[PDB]
>>> print(open('model32.txt').read())   # compact mmCIF, C-alpha atoms
# COMPACT_ATOMS: atom_id res chain seq x y z
CA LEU Y 200 123.95 94.05 -79.38
CA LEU Y 201 126.16 91.09 -78.40
CA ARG Y 202 126.74 92.86 -75.06
CA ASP Y 203 122.95 93.31 -74.79
CA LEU Y 204 122.41 89.58 -75.50
CA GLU Y 205 124.98 88.66 -72.81
CA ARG Y 206 123.30 91.06 -70.34
CA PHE Y 207 119.87 89.58 -71.14
CA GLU Y 208 121.20 86.02 -70.69
CA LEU Y 209 122.73 86.98 -67.31
CA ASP Y 210 119.46 88.67 -66.26
CA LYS Y 211 117.48 85.58 -67.33
CA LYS Y 212 119.82 83.30 -65.34
CA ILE Y 213 119.54 85.57 -62.26
CA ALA Y 214 115.72 85.72 -62.54
CA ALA Y 215 115.67 81.92 -63.01
CA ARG Y 216 117.66 81.61 -59.76
CA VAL Y 217 115.11 83.93 -58.07
CA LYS Y 218 112.21 81.77 -59.34
CA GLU Y 219 114.04 78.61 -58.21
CA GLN Y 220 114.41 80.14 -54.71
CA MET Y 221 110.67 80.87 -54.92
CA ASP Y 222 109.51 77.40 -55.97
CA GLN Y 223 111.90 75.08 -54.08
CA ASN Y 224 110.82 76.52 -50.71
CA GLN Y 225 107.23 77.13 -51.89
CA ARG Y 226 106.74 73.38 -52.35
CA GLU Y 227 107.57 72.76 -48.64
CA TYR Y 228 105.80 75.83 -47.26
CA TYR Y 229 102.71 74.32 -48.93
CA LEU Y 230 103.35 71.32 -46.62
CA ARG Y 231 103.80 73.32 -43.41
CA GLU Y 232 100.62 75.35 -43.89
CA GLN Y 233 98.81 72.11 -44.88
CA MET Y 234 99.83 70.49 -41.59
CA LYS Y 235 99.11 73.53 -39.38
CA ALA Y 236 95.72 74.09 -41.00
CA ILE Y 237 94.69 70.41 -40.62
CA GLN Y 238 95.86 70.76 -36.99
CA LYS Y 239 93.74 73.90 -36.60
CA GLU Y 240 90.37 73.63 -38.28
CA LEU Y 241 89.11 70.03 -37.68
CA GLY Y 242 88.73 70.91 -34.05
CA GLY Y 243 88.31 74.64 -34.65
CA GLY Y 244 89.94 75.52 -31.34
CA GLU Y 245 89.21 72.03 -30.02
CA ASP Y 246 92.11 70.62 -32.14
CA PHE Y 247 90.49 67.24 -32.73
CA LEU Y 248 93.20 66.21 -35.21
CA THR Y 249 95.94 66.64 -32.58
CA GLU Y 250 94.43 63.51 -30.94
CA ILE Y 251 95.07 61.59 -34.19
CA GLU Y 252 98.29 63.58 -34.80
CA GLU Y 253 100.06 62.61 -31.55
CA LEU Y 254 99.90 59.06 -32.95
CA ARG Y 255 101.44 60.31 -36.21
CA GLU Y 256 104.08 62.07 -34.10
CA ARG Y 257 104.70 58.61 -32.66
CA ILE Y 258 104.93 57.29 -36.27
CA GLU Y 259 107.57 59.80 -37.35
CA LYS Y 260 109.40 59.52 -34.05
CA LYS Y 261 109.22 55.79 -33.22
CA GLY Y 262 107.26 54.02 -35.98
CA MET Y 263 110.43 53.89 -38.09
CA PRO Y 264 110.46 50.61 -40.18
CA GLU Y 265 108.55 50.72 -43.48
CA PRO Y 266 106.77 47.26 -43.57
CA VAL Y 267 105.87 47.85 -39.92
CA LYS Y 268 104.56 51.36 -40.59
CA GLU Y 269 102.73 50.43 -43.84
CA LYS Y 270 100.17 48.48 -41.78
CA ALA Y 271 99.81 51.47 -39.45
CA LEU Y 272 99.47 53.81 -42.45
CA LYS Y 273 96.58 51.88 -43.96
CA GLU Y 274 95.16 51.56 -40.44
CA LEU Y 275 95.34 55.38 -40.40
CA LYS Y 276 93.49 55.26 -43.74
CA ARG Y 277 90.88 53.05 -42.05
CA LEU Y 278 90.79 55.41 -39.02
CA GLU Y 279 89.01 58.19 -40.95
CA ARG Y 280 86.70 55.68 -42.67
CA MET Y 281 84.34 55.00 -39.75
CA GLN Y 282 83.24 57.25 -36.91
CA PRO Y 283 85.33 56.93 -33.66
CA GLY Y 284 82.32 56.15 -31.45
CA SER Y 285 81.31 52.95 -33.18
CA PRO Y 286 81.85 49.67 -31.25
CA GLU Y 287 84.19 48.30 -33.94
CA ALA Y 288 86.50 51.35 -33.68
CA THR Y 289 87.66 50.39 -30.15
CA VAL Y 290 89.67 47.51 -31.66
CA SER Y 291 91.02 49.82 -34.39
CA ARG Y 292 92.19 52.55 -31.97
CA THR Y 293 93.56 49.97 -29.49
CA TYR Y 294 95.37 48.34 -32.43
CA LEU Y 295 97.60 51.28 -33.31
CA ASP Y 296 97.90 52.44 -29.69
CA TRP Y 297 99.26 48.99 -28.78
CA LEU Y 298 101.37 49.03 -31.96
CA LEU Y 299 102.76 52.52 -31.33
CA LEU E 200 46.55 94.30 -24.44
CA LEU E 201 49.85 92.56 -25.01
CA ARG E 202 49.02 88.87 -25.66
CA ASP E 203 47.22 89.75 -28.94
CA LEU E 204 50.46 89.49 -30.96
CA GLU E 205 52.47 92.18 -29.21
CA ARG E 206 55.25 89.65 -28.64
CA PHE E 207 54.98 88.22 -32.18
CA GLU E 208 57.31 90.90 -33.57
CA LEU E 209 59.67 90.12 -30.66
CA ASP E 210 59.35 86.48 -31.74
CA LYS E 211 60.46 87.72 -35.18
CA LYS E 212 63.39 89.40 -33.38
CA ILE E 213 64.06 85.96 -31.87
CA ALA E 214 63.86 84.50 -35.41
CA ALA E 215 66.38 87.16 -36.50
CA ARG E 216 68.97 85.61 -34.18
CA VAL E 217 67.77 82.18 -35.39
CA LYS E 218 68.82 83.34 -38.87
CA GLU E 219 72.10 84.66 -37.40
CA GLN E 220 72.70 81.28 -35.68
CA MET E 221 71.82 79.74 -39.06
CA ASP E 222 74.56 81.94 -40.55
CA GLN E 223 77.32 80.79 -38.17
CA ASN E 224 76.09 77.17 -38.42
CA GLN E 225 76.42 77.41 -42.21
CA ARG E 226 79.79 79.13 -41.60
CA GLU E 227 81.00 76.17 -39.49
CA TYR E 228 79.61 73.69 -42.05
CA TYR E 229 81.33 75.61 -44.89
CA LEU E 230 84.58 75.78 -42.86
CA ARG E 231 84.52 72.02 -42.15
CA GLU E 232 83.93 71.34 -45.84
CA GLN E 233 86.61 73.77 -47.10
CA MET E 234 89.24 72.11 -44.96
CA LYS E 235 88.21 68.86 -46.70
CA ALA E 236 88.59 70.88 -49.92
CA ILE E 237 92.21 71.53 -48.90
CA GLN E 238 92.49 67.80 -48.06
CA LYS E 239 91.30 66.66 -51.54
CA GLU E 240 94.46 68.05 -53.19
CA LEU E 241 96.53 67.36 -50.13
CA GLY E 242 95.90 63.84 -51.37
CA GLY E 243 93.14 62.09 -49.42
CA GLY E 244 90.79 61.97 -52.41
CA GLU E 245 93.22 60.47 -54.93
CA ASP E 246 93.44 56.93 -56.32
CA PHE E 247 96.27 55.65 -54.11
CA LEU E 248 94.98 56.99 -50.78
CA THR E 249 92.09 55.45 -48.69
CA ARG B 6 125.85 112.14 -31.01
CA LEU B 7 122.25 113.38 -31.25
CA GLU B 8 121.01 114.49 -27.81
CA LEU B 9 117.24 114.23 -28.27
CA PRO B 10 114.40 112.59 -26.29
CA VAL B 11 112.87 109.23 -27.16
CA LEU B 12 109.32 108.14 -27.90
CA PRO B 13 109.15 104.39 -27.14
CA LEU B 14 106.95 102.19 -29.32
CA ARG B 15 105.13 98.93 -28.62
CA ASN B 16 104.48 97.00 -31.87
CA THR B 17 105.60 99.44 -34.58
CA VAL B 18 109.28 99.38 -35.51
CA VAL B 19 109.60 102.64 -37.42
CA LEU B 20 112.40 102.37 -39.98
CA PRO B 21 114.30 105.40 -41.38
CA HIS B 22 112.35 107.53 -43.92
CA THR B 23 109.03 105.79 -43.19
CA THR B 24 105.65 107.54 -43.46
CA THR B 25 103.55 105.97 -40.69
CA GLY B 26 101.22 106.79 -37.80
CA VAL B 27 102.04 106.33 -34.10
CA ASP B 28 99.56 106.46 -31.21
CA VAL B 29 100.84 107.12 -27.68
CA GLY B 30 99.14 105.56 -24.66
CA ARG B 31 101.43 107.11 -22.05
CA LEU B 32 101.95 110.38 -20.16
CA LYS B 33 105.74 110.52 -19.71
CA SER B 34 106.09 109.67 -23.41
CA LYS B 35 103.43 112.33 -24.13
CA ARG B 36 105.57 114.92 -22.31
CA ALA B 37 108.61 113.60 -24.22
CA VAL B 38 106.79 114.20 -27.55
CA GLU B 39 105.73 117.69 -26.38
CA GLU B 40 109.27 118.59 -25.22
CA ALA B 41 110.67 117.27 -28.51
CA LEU B 42 108.07 119.32 -30.41
CA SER B 43 109.23 122.39 -28.48
CA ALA B 44 112.90 121.51 -29.20
CA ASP B 45 113.46 121.69 -32.98
CA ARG B 46 110.72 119.04 -33.86
CA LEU B 47 112.97 115.96 -33.65
CA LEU B 48 112.11 112.62 -32.03
CA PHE B 49 113.73 109.24 -31.50
CA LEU B 50 111.60 106.14 -32.12
CA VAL B 51 113.17 103.23 -30.21
CA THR B 52 110.85 100.25 -29.82
CA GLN B 53 110.85 97.70 -26.98
CA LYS B 54 110.85 93.89 -26.99
CA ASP B 55 109.07 90.62 -25.91
CA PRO B 56 106.17 91.04 -23.70
CA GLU B 57 105.98 94.78 -23.39
CA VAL B 58 106.04 96.67 -20.11
CA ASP B 59 103.94 99.87 -20.29
CA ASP B 60 106.75 101.84 -18.62
CA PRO B 61 109.78 100.69 -20.66
CA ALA B 62 113.21 100.27 -19.12
CA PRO B 63 116.20 101.95 -20.83
CA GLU B 64 117.92 98.54 -21.10
CA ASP B 65 114.76 96.80 -22.36
CA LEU B 66 115.17 98.53 -25.73
CA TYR B 67 117.03 97.09 -28.73
CA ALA B 68 120.45 97.86 -30.19
CA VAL B 69 119.56 100.49 -32.83
CA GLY B 70 116.95 103.24 -32.53
CA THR B 71 115.60 105.53 -35.24
CA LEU B 72 116.04 109.29 -35.60
CA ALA B 73 112.75 111.03 -36.43
CA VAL B 74 111.28 114.42 -37.35
CA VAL B 75 107.86 115.62 -36.15
CA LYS B 76 105.26 116.54 -38.76
CA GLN B 77 102.43 117.48 -36.38
CA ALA B 78 100.89 116.38 -33.07
CA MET B 79 97.12 116.63 -32.57
CA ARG B 80 95.25 115.40 -29.51
CA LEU B 81 92.57 112.74 -29.75
CA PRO B 82 89.64 113.50 -27.38
CA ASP B 83 89.73 110.16 -25.50
CA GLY B 84 93.11 110.95 -23.91
CA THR B 85 95.70 109.40 -26.20
CA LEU B 86 97.87 111.40 -28.61
CA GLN B 87 98.26 110.51 -32.29
CA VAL B 88 101.78 111.40 -33.45
CA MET B 89 102.38 111.47 -37.20
CA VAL B 90 106.05 110.66 -37.72
CA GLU B 91 108.68 110.94 -40.43
CA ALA B 92 112.11 109.43 -39.83
CA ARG B 93 115.61 110.50 -40.83
CA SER B 94 118.38 108.13 -39.69
CA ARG B 95 119.31 105.31 -37.31
CA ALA B 96 121.35 105.41 -34.10
CA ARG B 97 123.08 102.69 -32.08
CA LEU B 98 122.22 102.70 -28.36
CA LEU B 99 124.99 103.02 -25.79
CA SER B 100 123.31 104.04 -22.50
CA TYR B 101 120.03 105.88 -21.82
CA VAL B 102 118.69 107.96 -18.94
CA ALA B 103 116.11 106.52 -16.51
CA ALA B 104 114.51 109.81 -15.47
CA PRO B 105 110.88 109.89 -16.45
CA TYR B 106 111.35 110.18 -20.24
CA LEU B 107 114.15 108.51 -22.22
CA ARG B 108 117.20 110.40 -23.51
CA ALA B 109 119.23 109.23 -26.53
CA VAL B 110 123.01 109.17 -26.21
CA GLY B 111 123.49 108.32 -28.97
CA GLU B 112 125.31 107.56 -32.23
CA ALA B 113 124.90 107.50 -36.01
CA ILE B 114 125.39 104.96 -38.81
CA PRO B 115 127.24 106.64 -41.75
CA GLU B 116 127.96 103.38 -43.63
CA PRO B 117 127.04 103.19 -47.33
CA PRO B 118 127.54 99.76 -48.94
CA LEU B 119 130.36 98.86 -51.33
CA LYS B 120 130.46 97.36 -54.86
CA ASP B 121 127.51 99.42 -56.07
CA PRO B 122 127.34 98.97 -59.92
CA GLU B 123 128.55 95.34 -59.95
CA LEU B 124 127.02 93.38 -57.06
CA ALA B 125 124.69 95.76 -55.21
CA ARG B 126 122.82 96.76 -58.39
CA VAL B 127 121.85 93.12 -59.07
CA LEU B 128 120.78 92.83 -55.40
CA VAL B 129 118.66 96.02 -55.62
CA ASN B 130 117.13 94.73 -58.89
CA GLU B 131 116.26 91.42 -57.18
CA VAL B 132 114.64 93.46 -54.37
CA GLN B 133 112.73 95.36 -57.09
CA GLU B 134 111.59 92.10 -58.76
CA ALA B 135 110.39 90.60 -55.45
CA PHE B 136 108.70 93.86 -54.40
CA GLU B 137 107.03 94.14 -57.82
CA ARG B 138 105.70 90.57 -57.56
CA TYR B 139 104.82 91.10 -53.86
CA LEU B 140 101.58 93.10 -54.20
CA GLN B 141 100.27 90.92 -57.08
CA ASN B 142 99.56 88.25 -54.43
CA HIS B 143 99.39 90.58 -51.39
CA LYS B 144 96.82 93.16 -52.71
CA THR B 145 96.40 95.00 -49.38
CA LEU B 146 98.42 98.11 -50.30
CA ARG B 147 98.65 100.57 -53.21
CA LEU B 148 100.53 99.54 -56.37
CA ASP B 149 101.14 103.14 -57.46
CA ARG B 150 102.79 103.83 -54.08
CA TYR B 151 105.02 100.78 -54.71
CA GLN B 152 105.99 102.16 -58.12
CA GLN B 153 106.49 105.71 -56.80
CA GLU B 154 108.70 104.51 -53.92
CA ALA B 155 110.96 102.50 -56.26
CA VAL B 156 114.47 103.12 -57.66
CA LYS B 157 112.94 105.37 -60.38
CA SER B 158 112.15 108.11 -57.83
CA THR B 159 114.16 107.13 -54.70
CA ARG B 160 117.84 106.48 -55.44
CA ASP B 161 119.06 105.69 -51.89
CA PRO B 162 119.29 101.92 -51.16
CA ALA B 163 119.12 102.48 -47.38
CA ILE B 164 115.80 104.34 -47.73
CA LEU B 165 114.65 101.74 -50.29
CA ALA B 166 115.77 98.91 -47.96
CA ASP B 167 113.85 100.41 -45.03
CA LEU B 168 110.80 100.92 -47.26
CA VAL B 169 110.88 97.34 -48.57
CA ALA B 170 111.25 96.06 -44.98
CA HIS B 171 108.39 98.31 -43.78
CA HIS B 172 105.79 97.02 -46.28
CA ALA B 173 105.39 93.52 -44.72
CA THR B 174 103.56 92.30 -41.62
CA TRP B 175 106.49 90.92 -39.63
CA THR B 176 107.07 90.65 -35.89
CA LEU B 177 108.85 92.94 -33.42
CA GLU B 178 112.34 91.46 -34.05
CA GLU B 179 112.64 90.84 -37.80
CA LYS B 180 112.04 94.52 -38.55
CA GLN B 181 114.70 95.32 -35.94
CA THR B 182 117.20 93.02 -37.72
CA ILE B 183 116.96 95.22 -40.83
CA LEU B 184 117.03 98.26 -38.53
CA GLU B 185 120.22 97.16 -36.76
CA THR B 186 122.86 96.16 -39.34
CA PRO B 187 125.27 98.79 -40.74
CA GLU B 188 126.02 96.67 -43.83
CA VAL B 189 123.21 97.50 -46.28
CA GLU B 190 123.85 94.50 -48.60
CA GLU B 191 123.22 91.90 -45.87
CA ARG B 192 119.95 93.72 -45.05
CA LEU B 193 119.05 93.52 -48.75
CA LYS B 194 119.79 89.76 -48.76
CA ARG B 195 117.69 89.32 -45.61
CA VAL B 196 114.75 91.29 -47.02
CA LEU B 197 115.00 89.11 -50.16
CA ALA B 198 114.68 86.11 -47.80
CA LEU B 199 111.75 87.75 -45.97
CA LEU B 200 109.93 88.75 -49.19
CA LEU B 201 110.51 85.26 -50.60
CA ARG B 202 108.91 83.82 -47.44
CA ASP B 203 106.01 86.32 -47.63
CA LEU B 204 105.42 85.48 -51.31
CA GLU B 205 105.56 81.77 -50.39
CA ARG B 206 102.78 82.59 -47.93
CA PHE B 207 100.70 84.71 -50.33
CA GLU B 208 100.87 82.47 -53.43
CA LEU B 209 100.04 79.59 -51.07
CA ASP B 210 96.93 81.48 -49.84
CA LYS B 211 95.95 82.09 -53.48
CA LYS B 212 96.32 78.33 -54.02
CA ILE B 213 94.19 77.78 -50.88
CA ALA B 214 91.35 79.83 -52.43
CA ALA B 215 91.94 78.34 -55.91
CA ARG B 216 92.04 74.88 -54.26
CA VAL B 217 88.80 75.23 -52.32
CA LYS B 218 86.74 76.79 -55.18
CA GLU B 219 86.33 73.72 -57.44
CA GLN B 220 85.39 71.35 -54.61
CA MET B 221 82.88 73.88 -53.27
CA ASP B 222 81.46 73.76 -56.82
CA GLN B 223 81.60 69.94 -56.53
CA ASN B 224 79.98 70.25 -53.08
CA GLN B 225 76.97 72.27 -54.25
CA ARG B 226 76.75 70.00 -57.33
CA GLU B 227 76.68 66.80 -55.24
CA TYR B 228 74.40 68.44 -52.63
CA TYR B 229 71.83 69.34 -55.29
CA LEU B 230 72.36 65.84 -56.75
CA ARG B 231 71.59 63.81 -53.63
CA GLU B 232 68.72 66.06 -52.50
CA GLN B 233 67.35 65.79 -56.05
CA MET B 234 67.58 62.09 -56.68
CA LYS B 235 67.24 60.43 -53.47
CA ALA B 236 63.92 62.27 -53.84
CA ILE B 237 63.05 61.17 -57.39
CA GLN B 238 62.47 57.60 -56.02
CA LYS B 239 59.20 58.46 -54.25
CA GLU B 240 57.13 59.01 -57.43
CA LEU B 241 57.80 55.46 -58.70
CA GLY B 242 55.71 53.99 -55.87
CA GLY B 243 52.67 56.27 -56.11
CA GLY B 244 51.67 55.97 -52.50
CA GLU B 245 54.89 53.91 -52.00
CA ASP B 246 53.14 50.65 -53.14
CA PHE B 247 50.73 50.34 -50.18
CA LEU B 248 52.88 52.30 -47.67
CA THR B 249 56.01 50.26 -48.61
>>> encode(input="model32.txt", output="structure tokens")
Amino acid sequence: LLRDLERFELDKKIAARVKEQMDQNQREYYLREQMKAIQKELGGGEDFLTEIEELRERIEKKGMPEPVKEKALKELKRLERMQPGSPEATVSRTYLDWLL
Amino acid sequence: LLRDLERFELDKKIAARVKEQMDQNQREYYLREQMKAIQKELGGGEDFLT
Amino acid sequence: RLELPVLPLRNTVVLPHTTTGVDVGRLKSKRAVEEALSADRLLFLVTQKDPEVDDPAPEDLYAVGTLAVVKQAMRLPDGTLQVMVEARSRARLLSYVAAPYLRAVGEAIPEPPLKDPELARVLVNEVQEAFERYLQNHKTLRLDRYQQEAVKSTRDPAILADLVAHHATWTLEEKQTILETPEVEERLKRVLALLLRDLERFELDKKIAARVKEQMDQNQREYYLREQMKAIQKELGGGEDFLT
């Protein structure tokens, strides 16, 4: 029974390693299907969010410093607040295009 | 003979594809809202974000 | 050293000891299946690669092809031939014959893995744990077939490795990677990686459905709310207090 307890502890450690290999890549594969499905559906073949995702590609390729990019991040928060055909939104889109 | 509601049942066949176009319009509306449903626990509907 | 003709395949990579259906859209391959059915009912199932040519070259195939046995061959009335296949072993390609069919010369892989009760048994049990948790979020195949094709009825880890690699929806190359390697333990590690990635897709899709359901409930709740009580405001006026 001590050999059975050692075998059950080794099986529990091996199954815990299997569940760690599940969860530690599951928490990033959540992120990659989140980004490819926001890139897909909001155009629905149009890919409307690739227009506002090329700018985010410019953020995580050349919008590197954090107090610089914090203003662009809450400008990105303001970007989905109003419709991008309003006359105020010209200044908002020109703002982060000129910044990026 | 025909103008005395012969084409009214064909107008109901037209209204059948109006209800089909209603079904893919509700499908596109449901799809656009369920991607926002993925976005709400992506994080756009939390306290810190927008 | 198995001198038998070859049925080439387009998108199916038939692994050894795999019960599956194969449809043939060719004529030279149709005559290859008929000549193999005349000669001792044995086929070779060697798939092709990235974008497929309808007449496959002998050097456009992969490294390892699959030895097969013919169950039956009935003719569909539209012209194509449905070939029901059962496989036996796997064979490394050396050089094939470019005369209308394809001829397999031709090898064999007689390589069982080592360290069976110590390290391979834990690996086979991890394959069993991942394959047992696989259909609980997949739910497109039969659970009793998964239990009947387990270690409890099928002892061979090469047959079990080919059956655990067959039961996913992978591409033309990642089935061929588990077809190719003579070391069975590295194939078992790779199909653990592939089943981990498939379960990280399927539990994610279950969280997609279980993520959209409560905000669709919130959506119909708020939709009934604003069509209800933007509309309760019109009875307070009573003619809208002289047409607003």
>>> interface_residues(input="model32.txt", of="chain E", to="chain B", cutoff="10 Å", atoms="all atoms listed in the file", output="list in words")
residues 229, 232, 233, 234, 235, 236, 237, 238, 239, 240 and 241 of chain E
>>> residues_around(input="model32.txt", residues="region 223-237 of chain Y", least_positions_apart="2", cutoff="8 Å", atoms="all atoms listed in the file", output="JSON, numbers by chain")
{"Y": [219, 220, 221, 239, 240, 241, 248], "E": [234, 237, 241], "B": [205, 206, 209]}
>>> atom_distance(input="model32.txt", atom1="CA of residue 187 (chain B)", atom2="CA of residue 116 (chain B)")
6.1 Å
>>> atom_distance(input="model32.txt", atom1="CA of residue 87 (chain B)", atom2="CA of residue 59 (chain B)")
17.0 Å
>>> interface_residues(input="model32.txt", of="chain B", to="chain Y", cutoff="9 Å", atoms="only C-alpha atoms", output="list in words")
residues 127, 131, 134, 135, 201, 202, 204, 205, 206, 208 and 209 of chain B
>>> atom_distance(input="model32.txt", atom1="CA of residue 166 (chain B)", atom2="CA of residue 137 (chain B)")
14.0 Å
>>> residues_around(input="model32.txt", residues="residue 53 (chain B)", least_positions_apart="6", cutoff="8 Å", atoms="only C-alpha atoms", output="list in words")
residues 13, 14, 15, 61, 65, 66 and 67 of chain B
>>> closest_residue(input="model32.txt", among="Y:298, Y:278, Y:290, Y:254", to="chain E", atoms="all atoms listed in the file")
Y:278
>>> closest_residue(input="model32.txt", among="B:18, B:193, B:29, B:124", to="residue 85 (chain B)", atoms="all atoms listed in the file")
B:29
>>> closest_residue(input="model32.txt", among="Y:238, Y:258, Y:288, Y:294", to="chain E", atoms="all atoms listed in the file")
Y:238
>>> closest_residue(input="model32.txt", among="Y:275, Y:209, Y:201, Y:263", to="residue 291 (chain Y)", atoms="only C-alpha atoms")
Y:275
>>> decode(input="model32.txt", residues="region 231-247 of chain Y", atoms="N, CA and C atoms", output="PDB file, in the first residue's frame")
ATOM      1  N   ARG Y 231      -5.064  34.088 -29.270  1.00  0.00           N
ATOM      2  CA  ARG Y 231      -4.902  34.078 -30.725  1.00  0.00           C
ATOM      3  C   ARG Y 231      -6.229  33.837 -31.446  1.00  0.00           C
ATOM      4  N   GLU Y 232      -7.142  33.027 -30.874  1.00  0.00           N
ATOM      5  CA  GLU Y 232      -8.463  32.996 -31.511  1.00  0.00           C
ATOM      6  C   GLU Y 232      -9.305  34.242 -31.247  1.00  0.00           C
ATOM      7  N   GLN Y 233      -9.070  34.958 -30.130  1.00  0.00           N
ATOM      8  CA  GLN Y 233      -9.711  36.256 -29.907  1.00  0.00           C
ATOM      9  C   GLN Y 233      -9.286  37.283 -30.952  1.00  0.00           C
ATOM     10  N   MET Y 234      -7.986  37.318 -31.288  1.00  0.00           N
ATOM     11  CA  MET Y 234      -7.533  38.299 -32.272  1.00  0.00           C
ATOM     12  C   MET Y 234      -7.913  37.906 -33.700  1.00  0.00           C
ATOM     13  N   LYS Y 235      -7.899  36.602 -34.048  1.00  0.00           N
ATOM     14  CA  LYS Y 235      -8.296  36.263 -35.419  1.00  0.00           C
ATOM     15  C   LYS Y 235      -9.810  36.340 -35.605  1.00  0.00           C
ATOM     16  N   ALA Y 236     -10.594  36.179 -34.535  1.00  0.00           N
ATOM     17  CA  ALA Y 236     -12.028  36.312 -34.718  1.00  0.00           C
ATOM     18  C   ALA Y 236     -12.488  37.773 -34.683  1.00  0.00           C
ATOM     19  N   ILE Y 237     -11.785  38.668 -33.951  1.00  0.00           N
ATOM     20  CA  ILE Y 237     -12.091  40.098 -34.110  1.00  0.00           C
ATOM     21  C   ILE Y 237     -11.603  40.598 -35.472  1.00  0.00           C
ATOM     22  N   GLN Y 238     -10.527  40.007 -36.024  1.00  0.00           N
ATOM     23  CA  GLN Y 238     -10.109  40.360 -37.380  1.00  0.00           C
ATOM     24  C   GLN Y 238     -11.073  39.823 -38.431  1.00  0.00           C
ATOM     25  N   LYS Y 239     -11.777  38.730 -38.132  1.00  0.00           N
ATOM     26  CA  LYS Y 239     -12.690  38.169 -39.121  1.00  0.00           C
ATOM     27  C   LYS Y 239     -14.037  38.891 -39.136  1.00  0.00           C
ATOM     28  N   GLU Y 240     -14.775  38.867 -38.004  1.00  0.00           N
ATOM     29  CA  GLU Y 240     -16.238  38.965 -38.101  1.00  0.00           C
ATOM     30  C   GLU Y 240     -16.722  40.401 -38.317  1.00  0.00           C
ATOM     31  N   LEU Y 241     -16.007  41.406 -37.773  1.00  0.00           N
ATOM     32  CA  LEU Y 241     -16.471  42.800 -37.766  1.00  0.00           C
ATOM     33  C   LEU Y 241     -16.496  43.420 -39.164  1.00  0.00           C
ATOM     34  N   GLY Y 242     -15.743  42.861 -40.104  1.00  0.00           N
ATOM     35  CA  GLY Y 242     -16.073  43.024 -41.499  1.00  0.00           C
ATOM     36  C   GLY Y 242     -16.948  41.904 -42.024  1.00  0.00           C
ATOM     37  N   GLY Y 243     -16.685  40.658 -41.632  1.00  0.00           N
ATOM     38  CA  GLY Y 243     -17.443  39.546 -42.183  1.00  0.00           C
ATOM     39  C   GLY Y 243     -17.060  39.218 -43.609  1.00  0.00           C
ATOM     40  N   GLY Y 244     -15.759  39.170 -43.897  1.00  0.00           N
ATOM     41  CA  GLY Y 244     -15.236  39.107 -45.238  1.00  0.00           C
ATOM     42  C   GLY Y 244     -14.754  40.450 -45.750  1.00  0.00           C
ATOM     43  N   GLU Y 245     -15.322  41.541 -45.230  1.00  0.00           N
ATOM     44  CA  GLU Y 245     -14.804  42.873 -45.510  1.00  0.00           C
ATOM     45  C   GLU Y 245     -13.500  43.129 -44.760  1.00  0.00           C
ATOM     46  N   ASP Y 246     -13.395  42.585 -43.542  1.00  0.00           N
ATOM     47  CA  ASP Y 246     -12.328  42.802 -42.553  1.00  0.00           C
ATOM     48  C   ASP Y 246     -12.145  44.296 -42.256  1.00  0.00           C
ATOM     49  N   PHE Y 247     -13.207  44.844 -41.656  1.00  0.00           N
ATOM     50  CA  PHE Y 247     -13.258  46.244 -41.240  1.00  0.00           C
ATOM     51  C   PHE Y 247     -12.282  46.536 -40.105  1.00  0.00           C
TER      52      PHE Y 247
END
